[PDB]
Amino acid sequence: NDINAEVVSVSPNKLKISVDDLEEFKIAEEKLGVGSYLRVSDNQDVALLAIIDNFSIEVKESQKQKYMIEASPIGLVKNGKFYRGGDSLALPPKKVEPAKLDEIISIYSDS
Amino acid sequence: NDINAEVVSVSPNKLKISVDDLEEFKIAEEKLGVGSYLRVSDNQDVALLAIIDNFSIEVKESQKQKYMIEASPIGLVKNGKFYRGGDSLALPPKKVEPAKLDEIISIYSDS
Amino acid sequence: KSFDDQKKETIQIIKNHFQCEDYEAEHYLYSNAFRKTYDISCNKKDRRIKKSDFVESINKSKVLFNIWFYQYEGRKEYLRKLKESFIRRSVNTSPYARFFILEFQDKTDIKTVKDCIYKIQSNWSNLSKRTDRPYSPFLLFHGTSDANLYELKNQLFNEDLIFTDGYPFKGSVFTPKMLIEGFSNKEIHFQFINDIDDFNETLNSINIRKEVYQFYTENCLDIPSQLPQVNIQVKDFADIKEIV
Amino acid sequence: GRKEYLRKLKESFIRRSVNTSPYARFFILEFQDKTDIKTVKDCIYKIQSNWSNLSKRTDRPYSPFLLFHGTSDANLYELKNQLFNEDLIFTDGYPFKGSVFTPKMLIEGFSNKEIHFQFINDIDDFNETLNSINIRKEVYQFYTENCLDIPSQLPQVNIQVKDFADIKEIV
Amino acid sequence: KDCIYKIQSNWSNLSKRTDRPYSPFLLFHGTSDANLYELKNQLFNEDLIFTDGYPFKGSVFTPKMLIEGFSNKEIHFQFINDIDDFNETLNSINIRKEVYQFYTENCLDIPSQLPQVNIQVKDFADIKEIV
């Protein structure tokens, strides 16, 4: 697993995402940016799509690093078709991966 | 090693740098002041430039001296060429040294 | 023709032939084909040969030294030309098992070898106390006597450059797992692979992404091909410091 | 009875704990060609368990020093190889191949909780680490036929044993 | 079962305070497989959880399961079926091994590189008080 990110807190328009394990180091550089798109799901078929609002990486001597990501659930994708939502509830914990190109394109094309 | 500073936390526009060891007192006096330029990298080829925004040195009775520096990334130096735009992500921890004169000159000459 | 009038024509005839990138043709295939053109041209008797086997001789993984582009732009530009071609770097260096095979012979001074070890360890290791994934490079030296090699290892230990080599005590068999622990050890600065037999046993014990950086002057080895190799020929061992 | 000979030797020279103080304890065991490898290992494990304090609660840790003599280097190195595979981590001042004797590696391993004991290869490394340790050093000798010569300025006991097996319950 | 429970109670330490746990290894010989599986089934019913290197039906012998079960606080001891499972387990263990043999008539053959002790008892009932 190249990235192990996970939603840890859910607010009505906010997601708090913890990157538990980062391995590629290129996912964080390009796909975890301040405007990047994430896919939030526990299954490959139906997902939330979120834009990163904020992030914070912290390292300390003894404990593990705290890479924390703020995101906002802009919509819902079901079976390749994106539905502009903003209120669909994801119950944490939820597996988070960077959104694919076809999913980001589906935001502005399926409406 | 005269200066031992390291990035301990990363925000989208902010770096927190902890000075672990300060053998040379002259480096802190003239190169670690507010507005000074730092070179943030784990290697000498590709780096991230930052400007010191704030600092605080707190000393206590029994523990080690806590020298913390706030910086904001301003651009990226690759093979002696500076690229404006501090949206690149440096994964902490990253070794921090004061920037050389050629690096500060390349901020305005290259762009 | 002129010197510049033939540069942009020689690259394109091998760029489309091998279907590679720009650094894989100008720095990797143009450079090797220049001396193999010069080697048959500088021969006393056999000047004209057939180029049927010329296309496979230049396709070797070794990046060959070229003397004509050493006296032309100097050592400050040729070593700077090799640095962004195969020693490409990013902002964040990933915890990979990087292997640095440097060639050490009897005329090379120990001190000049010692400065390259300090250069390799500084750039290719992150031994920070706040890392959850520290990494250190592996170092292999060859072509020298064991007595001359042991003097280098003995000096590095006195200047507090702690390393591991798979032999924690006298009479110990070579333990690969000592080198793997030294990769993740923040108190071990690098790993010293003694010889080829200790080399290939360490590749099988590593499951993470592996990179090999070989720098030599005349003698090169047969690194297995599924790895990434970088094989660069230099004149003197001090040229290796400016590339890594 | 054989229980009485062990009881006399356990109290005459050896003490049960020697106040559990951090001391440079040297255990010189006379290894023969006739002595089996595994009965040396039982003696080493018993010496290490009784004469070291590597718990995290302490602030003054210590580890014993082991020296063997009378045997060849073939089975001496073979014993050291087995002890390393069973996670009994030791040091002998030779951190790498083709290294000179580094007595400071034995100094750090004495205070290291991850290094269980300190091995000493022979006499020349034994006298070299004697001058490198500044704290109080005691030498315990367990021999059957051949007795080593110890410098006269150190607290030494010399215990004769019928074989190598009875050394284990003495310590 | 009374002997196995006494061996597990004395020669294992699975308390949450420690960080170096250990569990004993149990091997039986001279009996049929019918009452060997009857003994294994009854011990697992009373929450004396063990591993024998066969985590599922039709599995090859996995000594890694006994590596994890030795340091697992939730696995009380380890079962060994016969001599072929025992020798392969010895090679997989890297730490110090001791073989404690209790027998009445027939004694099993043990490799000489291991510390062995042999106890000949009048019957099986004396083993629970000896151990």
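Residues numbered from 1 in each chain as written, not as in the entry; some residues may be left out. Chains lettered and ligands numbered in written order. Part of a larger assembly, values for the part shown. Heavy atoms only, no water.

Structure determination for this entry is recorded as cryo-EM, at 2.81 Å resolution.

> Would you mind showing me how to read the interface of chain B and chain A here?
Much of the literature gives interface size as the accessible area that the parts lose upon coming together. On the side of chain A, 13 residues touch chain B, which itself brings ten residues to the contact. When chain B packs against chain A, close to 890 Å² is buried across both sides, 72% of that on carbon and sulfur atoms. The three residues of chain B that bury the most area against chain A are B:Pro12, B:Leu89 and B:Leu91, which together make up 58% of that side's buried surface. Put simply, chain B and chain A have zero salt bridges between them. On the surface where chain B and chain A come into contact, there are two residue pairs in polar contact. The residue inventory of the side of chain B that touches chain A, partitioned by class, reads eight nonpolar, two polar and no charged. (Contact = heavy atoms within 4.5 Å. Buried area = accessible area lost by both parts, 1.4 Å probe. Salt bridge = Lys/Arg side-chain N within 4 Å of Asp/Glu carboxyl O. Polar contact = N/O pair within 3.5 Å; in protein donor to acceptor, adjacent residues only side chain to side chain. Nonpolar A, V, L, I, M, F, W, Y, C, P; charged D, E, K, R; others polar.)

> Explanation requested: the pairing of strand 2 (residues 15–22) of chain B in the structure shown.
On any regular strand, side chains alternate: one points to one face of the sheet, the next to the other face. All names here are of chain B. In terms of burial, strand 2 is largely enclosed, as seven of its eight residues are buried. Inspection of the sheet shows strand 1 (residues 3–10) paired to strand 2 by seven bridges, in the antiparallel sense. What sits directly across from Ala5, in strand 2, is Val19. Here strand 1 hands over to strand 2 after four residues, the two strands then running antiparallel side by side. For strand 2 and strand 5 (residues 66–78), the ladder comprises five bridges, and the chain directions are antiparallel. For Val19, the partnering residue across the bridge sits in strand 5 and is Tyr67. (Buried < 20%, exposed > 50% of the residue type's maximum accessible area, 1.4 Å probe, protein only. Helix = DSSP H or I, 4+ residues; strand = E, 2+ residues; numbered from the N terminus. Pairing = 2+ DSSP bridges.)

> Would you take a moment to explain the pattern of salt bridges for this structure?
Scanning all chains against the criterion turns up 38 salt bridges over all chains. We note a salt bridge from B:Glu103 to B:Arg39, for which the minimum N-O separation is 2.4 Å. One end of the pair, B:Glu103, is in helix 2 (residues 101–110); the other, B:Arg39, is in strand 3 (residues 37–41), with 64 residues separating them in the sequence. Judged by its relative accessible area of 4%, B:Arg39 is buried. When the shortest N-O distance is used, the salt bridge between C:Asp239 and C:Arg75 registers 2.4 Å.

> I tried to follow the nonpolar core on my own but got confused; where do I start?
General note: in soluble globular proteins, nonpolar side chains tend to be found buried as a group. Core analysis: the largest hydrophobic core is formed by 50 residues, its most contacted members being A:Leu32, A:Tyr67 and B:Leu32. At five residues, strand 4 (residues 46–58) of chain A tops the list of elements feeding residues into this core. The residues touching A:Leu32, leaving out its near neighbours within four places in the chain, are A:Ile3, A:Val19, A:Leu22, A:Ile27, A:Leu38, A:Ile52, A:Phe55, A:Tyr67, A:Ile69 and A:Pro98. Core analysis: the next-biggest nonpolar cluster, separate from the first, contains 45 residues, C:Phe69, C:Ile87, C:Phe141 and C:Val244 among them. (Core = buried A, V, L, I, M, F, W, Y, C linked by side-chain atoms within 4.5 Å.)

> Please clarify how the arrangement of the chains should be interpreted in this entry.
Across the five pairs of chains that are in contact, the largest number of contacts falls between chains C and D. A minimum C-alpha distance of 18 Å separates chain B and chain D, which share no contact. When C-alpha atoms are compared, chain B and chain E, though not in contact, are closest at a spacing of 29 Å.

> Would you take a moment to explain the sheet that holds strand 6 (residues 210–216) of chain C for this structure?
Note on sheets: strands pair through backbone hydrogen bonds, and any given pair is parallel or antiparallel. Residue and element names in this part refer to chain C. Reading across the sheet, the seven strands line up as 1-7-6-2-3-5-4 and stay open at both edges, with parallel pairing between neighbours. At either end of the open sheet lies a strand with only one pairing partner, and these are strand 1 (62–63) and strand 4 (163–164). Here three bridges tie strand 3 (residues 138–142) to strand 5 (residues 190–193), and the two strands are oriented parallel to one another. Following the sheet pairing, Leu139 is matched in strand 5 by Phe192. Lying over the sheet, helix 7 (residues 146–158) contacts strand 3, strand 4 and strand 5, oriented at roughly 165° with respect to strand 5. (Axes fitted to C-alpha atoms, helices over the stretch in contact; angles between N-to-C directions.)

> Teacher, can you tell me more about the interface of chain D and chain C here?
Taken together, the 15 residues of chain D in the interface contact 15 residues of chain C. Here chain D meets chain C over a buried area of about 1500 Å², counting both sides, of which 65% is carbon and sulfur. In terms of surface lost to chain C, no three residues of chain D exceed D:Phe84, D:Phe96 and D:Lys97, which account for 44% of the buried area on that side. For the pair chain D and chain C, the number of links is zero salt bridges. Counting the contacts that link chain D with chain C gives five residue pairs in polar contact. Sort the elements by how many residues they give to the side of chain D that touches chain C and helix 3 (residues 73–85) of chain D lands first, with four residues.

> I keep staring at a nonpolar patch on the surface and nothing clicks. Help me out?
Together, A:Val10, A:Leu89 and A:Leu91 give the surface a local cluster of nonpolar side chains, amounting to about 300 Å² of exposed area. Take A:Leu91: it is sitting in the loop between strand 6 (81–84) and strand 7 (94–98). (Patch = residues over 30% accessible without salt bridge, like charges linked within 9 Å, V, L, I, M, F, W, Y side chains within 5 Å. Areas by Shrake-Rupley, 256 points an atom, 1.4 Å probe, with all protein chains shown as cover.)

> For this particular structure, what's the right way to read the side chain of A:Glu97?
Residues and elements named next belong to chain A. Examined against the element boundaries, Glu97 turns out to sit in strand 7. Overall, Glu97 belongs to the buried group, its relative accessible area being 18%. A polar contact is formed between the side chain of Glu97 and the side chain of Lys95, at a distance of 2.5 Å. Beyond its immediate sequence surroundings of up to four residues, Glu97 is in contact with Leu38, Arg39 and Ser41.

> Even after reading the chapter, I still don't get helix 4 (residues 103–111) of chain D, so can you show me in this structure?
An α-helical segment advances 3.6 residues per turn. Residues three or four places apart therefore align on the same side. Listed as buried for helix 4 of chain D are D:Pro103, D:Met105, D:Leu106, D:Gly109 and D:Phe110. Projected down its long axis, helix 4 of chain D shows its buried positions confined to an angular sector of 150°, all on one face. Those residues of helix 4 of chain D that are buried are in contact with helix 7 of chain C together with strand 1 (24–30), strand 2 (65–69), strand 3 (90–91), strand 4 (117–120) and helix 5 (123–130) of chain D. (Arc of directions from axis to C-beta.)

> Just to check I follow, could you spell out the packing of helix 6 (residues 110–123) of chain C against helix 7 of chain C for this structure?
All names here are of chain C. For the pair helix 6 and helix 7, interaxial distance at closest approach is 11 Å and the crossing angle is 55°. In terms of axis orientation, helix 6 runs oblique to helix 7. Of the two elements, helix 6 crosses helix 7, and the hand of that crossing is right-handed. Residue-level inspection shows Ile110, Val113, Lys114, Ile117 and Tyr118 of helix 6 in contact with helix 7, the latter providing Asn148, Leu152, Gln155 and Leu156. Along the lines of polarity and charge, the residues of the contact of helix 6 with helix 7 split into six nonpolar, two polar and one charged. (Parallel < 35°, antiparallel > 145°, perpendicular 65-115°, else oblique. Left-handed = near helix turned anticlockwise from the far one by under 90°.)

> Help me understand a positive patch on the surface, please; the structure alone is not making it clear to me.
Taken together, A:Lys60, B:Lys60, B:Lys64 and B:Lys66 make up a surface patch of like positive charges. Along the chain, B:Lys60 turns up in the loop between strand 4 (46–58) and strand 5. Given a relative accessible area of 54%, B:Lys60 falls into the exposed group. (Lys, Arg positive; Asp, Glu negative; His and termini not counted. Charge placed at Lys NZ, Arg CZ, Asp CG, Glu CD.)

> For this particular structure, what's the right way to read unusual backbone geometry?
Note: most residues except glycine have negative phi, and most peptide bonds are trans. Residue A:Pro93 follows A:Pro92 across a cis peptide bond; omega there is 0°. For A:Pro93, the position within the fold is in the loop between strand 6 and strand 7. Here the phi dihedral of D:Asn19 falls at roughly 65°; this positive angle occurs in a residue that is not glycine. As for its position among the elements, D:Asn19 is in the loop between helix 1 (2–12) and strand 1. Backbone geometry at D:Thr20 places phi at a positive 55°, although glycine is not the residue there. Counting through the fold element by element, D:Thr20 comes out in the loop between helix 1 and strand 1.

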